[PDB]
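*Asks:* Counting from 2, one number per residue, gives the positions in the sequence shown under this note's numbering.
Every residue, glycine too, gets a C-beta built ideally from N, C-alpha and C.
Below you'll find the structure I mean.
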Amino acid sequence: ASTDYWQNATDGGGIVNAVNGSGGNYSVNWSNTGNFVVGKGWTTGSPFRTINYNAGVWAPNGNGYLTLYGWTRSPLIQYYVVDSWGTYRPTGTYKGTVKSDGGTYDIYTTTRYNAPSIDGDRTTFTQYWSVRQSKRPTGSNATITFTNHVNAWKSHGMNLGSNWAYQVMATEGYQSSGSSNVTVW
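Structural data, given as structure tokens:
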């Protein structure tokens, strides 16, 4: 059940220094970026997975997300379970709330157009989100019971695709600086 996948993608703006550490550990130091997504997890996501992580350092200076991050195909959907962030809390079209792992999360949809996706092509895809209503404490072991999110999403007509691609616990940044260190299993 150990992680088997390393996500390290940057648009190339500014500095994004990602280290593929031991096992499920990684760290990122970044400055004057653009957009990047770095994380560890699994090549083939599951709706049934129980994700454990410990963010030993969560230190964005500006806009960054600490989030479950993954894709499906059939249909093409990028999804989030956002536990913490920096200066900016992400939002979208409000659907409702879900309680999971000691937190209340807002459920959102968004859409991207003319946008990079896993297929390597610029296209259009829907995004599903759970975003915690307040920041989750970091530095101790934390669980994301993903089934709870999948089920709440289903109740709001947000159905994931049949073809599961990667599924990681990520640091995502936007035009910011910061540091993170996260362990995933």
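(1) The beta strand (DSSP E) that contains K155, what's its start and end?
(2) Would you be able to state if there are at least three C-beta pairs under 8 Å between the region 129 to 144 and the region 31 to 38?
(3) Using three-state DSSP, classify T94 as helix, strand or coil.
(4) Suppose the cutoff is 7 Å on Cβ atoms and the five residues either side in sequence are ignored; what does the same chain contact list for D5 look like?
(5) How long is the line joining the alpha carbons of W154 and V20, rounded to whole angstroms?
(6) Residue range of the beta strand (DSSP E) that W7 falls in?
(7) Ignore the nearest five residues each way along the sequence and tell me which others in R50's own chain have a CB closer than 6 Å to its CB.
(8) Roughly how many whole angstroms lie between the Cα atoms of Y95 and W130?
(9) Can you give me the C-alpha to C-alpha distance between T172 and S75, rounded to a whole angstrom?
(10) Please report how far the alpha carbon of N26 lies from the alpha carbon of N55, in whole angstroms.
(11) Let's see if you can read the secondary structure: which residues bound the beta strand (DSSP E) around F126?
(12) So which of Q128, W165, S85, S156 has the shortest CA-CA distance to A143?
*Replies:* Looking at the atomic coordinates:
(1) By 1-based counting over the sequence shown, the position of residue 155 is 154. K155 -> not in any beta strand (DSSP E); alpha helix (DSSP H) instead, spanning 147 to 156.
(2) no
(3) Sequence index remark: in the sequence shown, residue 94 carries index 93 (1-based). Strand.
(4) Residue numbering aside, residue 5 sits at position 4 when the sequence shown is read from its first letter. Hits under 7 Å: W43, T44.
(5) Position 153 of the sequence shown, counted from the first residue, corresponds to residue 154. Position 19 of the sequence shown, counted from the first residue, corresponds to residue 20. Roughly 33 Å between the two C-alpha positions.
(6) By one-based count along the sequence shown, residue 7 stands at place 6. Membership of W7 in the beta strand (DSSP E) is indicated by the continuous run 6 to 11.
(7) Locating residue 50 in the sequence shown gives position 49, counting from the first residue. Correct list, in chain order: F147.
(8) Here the question's residue 95 lines up with position 94 in the sequence shown. Here the question's residue 130 lines up with position 129 in the sequence shown. About 10 Å.
(9) For the purposes of this step, residue 172 is identified with residue 171 of the sequence shown, where counting begins at 1. For the purposes of this step, residue 75 is identified with residue 74 of the sequence shown, where counting begins at 1. The alpha-carbon atoms of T172 and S75 are separated by roughly 26 Å.
(10) If you number the sequence shown from 1, residue 26 lands on position 25. If you number the sequence shown from 1, residue 55 lands on position 54. Going from the Cα of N26 to the Cα of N55 covers about 9 Å.
(11) As a first step, residue 126 must be located in the sequence shown, where it is residue number 125. First-last of the beta strand (DSSP E) with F126: 123 to 133.
(12) Taking the sequence shown and counting its residues from 1, one reaches residue 143 at position 142. When each option's Cα is compared against that of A143, the closest is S85.
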